[PDB]
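The data below hold one chain only, encoded as structure tokens and taken in the form deposited in one PDB entry.
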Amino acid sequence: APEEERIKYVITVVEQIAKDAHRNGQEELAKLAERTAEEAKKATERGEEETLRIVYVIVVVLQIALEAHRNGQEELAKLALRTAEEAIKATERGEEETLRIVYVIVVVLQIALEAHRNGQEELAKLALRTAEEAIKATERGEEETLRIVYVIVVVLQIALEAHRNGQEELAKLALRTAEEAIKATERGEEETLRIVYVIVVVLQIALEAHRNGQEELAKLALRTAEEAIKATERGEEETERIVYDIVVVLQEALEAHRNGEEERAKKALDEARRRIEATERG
């Protein structure tokens, strides 16, 4: 219910801007709003698929904990519970991240509404496409999280299959690799959280400055927030290349495990761990 209200709140504002633009014969601003509303709907749908896959991660790791304690390997059960706790904390951190990104969209859409109502059409255009860029960046991050979460599932399934086949050292190693991937995801979230907070502060300058008639300050603060968003996109595009390099090493581990080559799978999972531990500043 509370997150349902936030989605409807954002869409209501941008569709309102499209209505006011259409009534005033500003079709290019209305088209920008309608296109922004379309992206906000796509970004909400993509985040809901993200929630379902995260549920699968938590179920699999907790299933590992239950079987490991029952089957006798206690050190594997403790590792699965510790990995589950980190997946939960990483998920809670992502919920704070989505909520702060929503506040980013709300503040920049408020700038757009007040600028358009006060005659600053160019400032309204800039605020509207900045809002669109933040939504584009968010869904781009959601797609990459969907890939990371799917990879974590495959690794957790290697751990569970390895334990069921009596390969405890491979189970511990595969579980360890998923844990580090989850810990690296949490480090990326905390870095995004620090960036999002800073973007909020900057957007709050533009809103307050515009209300105070400090137009040059408002434009510069809004442009700063726009370039901050673009700069974080360029960093996320580098992250996708880094993740791709890791996924081909883990792909080598999955084929080796399916061929009964558990030793070859260990060497591939160790290389993935070294790479994963190096990502996001360790």
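Just count from 1 along the sequence shown to find any residue number. So that the term is clear: the rigid core is the largest set of C-alpha atoms that superpose within 1.5 Å between two forms.
For the pair 28-36 and 210-218, the mean B factor over Cα atoms is greater in 28-36. For the two regions 192-200 and 73-81, the entry's Cα B-factors average higher over 73-81. Sort the chain's modelled residues by C-alpha temperature factor and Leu254 lands in the highest third, per the entry. Looking at the C-alpha B-factors along this chain, the one for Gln63 belongs to the middle third. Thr239 sits in the highest third of its chain by CA B factor, as recorded in the PDB entry. In the PDB entry, a CA B factor belonging to the middle third of its chain's modelled residues is recorded for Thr145. Ranked by C-alpha B-factor against the other modelled residues of its chain, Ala231 falls in the middle third.
The protein also exists as the form deposited in another entry; that form is not presented, and the subsequent description refers to it.
In the core-superposed comparison between the shown form and the other one, the C-alpha atom of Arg23 has shifted by at least 2 angstroms.
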